[PDB]
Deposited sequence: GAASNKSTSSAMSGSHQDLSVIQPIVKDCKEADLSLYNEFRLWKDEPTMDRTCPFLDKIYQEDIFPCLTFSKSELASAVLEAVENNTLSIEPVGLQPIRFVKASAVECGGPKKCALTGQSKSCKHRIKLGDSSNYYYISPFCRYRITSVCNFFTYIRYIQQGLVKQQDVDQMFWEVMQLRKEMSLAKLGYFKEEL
């Protein structure tokens, strides 16, 4: 077979956009930089079949009140359970092993989720936490092109997550 070489080149529109967001950082939802990523990455990535739960989850993600906890085997459990279970995903509504549980407020009940949902959600969340690090003065040792390519990486992970391409450990 012939050889294909993986290459990487900065799109100048996204790059100038990001550099002009970097020059004056904000978490404001209407800033072009975030708006685009909301439309192309975040919204499709948090789109699930039960969607009041999905929108609650999105709000939880941008409010940083969302928490993801691993749930281990347990023969007995107090039940007030919709919230799904180890049997079934509370987000997509289907029967799969759920090795994770989700909480919106903390200040909320748990919802079991498939590893896939966990992957999408954690993709989005990682993006948000990095962007929040940038918005504050926390990132001082990373060059601008480095920062840019980290944003590209996160958008990569979210893009793959969108289409059903995810990782499970």
In sequence order, which deposited residues have no C-alpha?
1 to 22, 104 to 106, 195
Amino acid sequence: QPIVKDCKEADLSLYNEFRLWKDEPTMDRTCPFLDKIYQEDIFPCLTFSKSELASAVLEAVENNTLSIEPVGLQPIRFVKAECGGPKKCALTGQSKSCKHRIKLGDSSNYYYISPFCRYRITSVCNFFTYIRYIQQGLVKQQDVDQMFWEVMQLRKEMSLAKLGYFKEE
From here on, numbers count along this sequence of modelled residues.
As stated in the PDB record, which stretch has the larger average Cα B-factor, 102 to 110 or 134 to 142?
102 to 110
Averaging C-alpha B-factors over each stretch, which comes out higher, 41 to 49 or 65 to 73?
65 to 73
Candidate residues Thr30, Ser55, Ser123, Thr26, the one whose C-alpha B factor the record puts highest
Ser55
By the entry's values, the third containing the CA B factor of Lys162 is the lowest
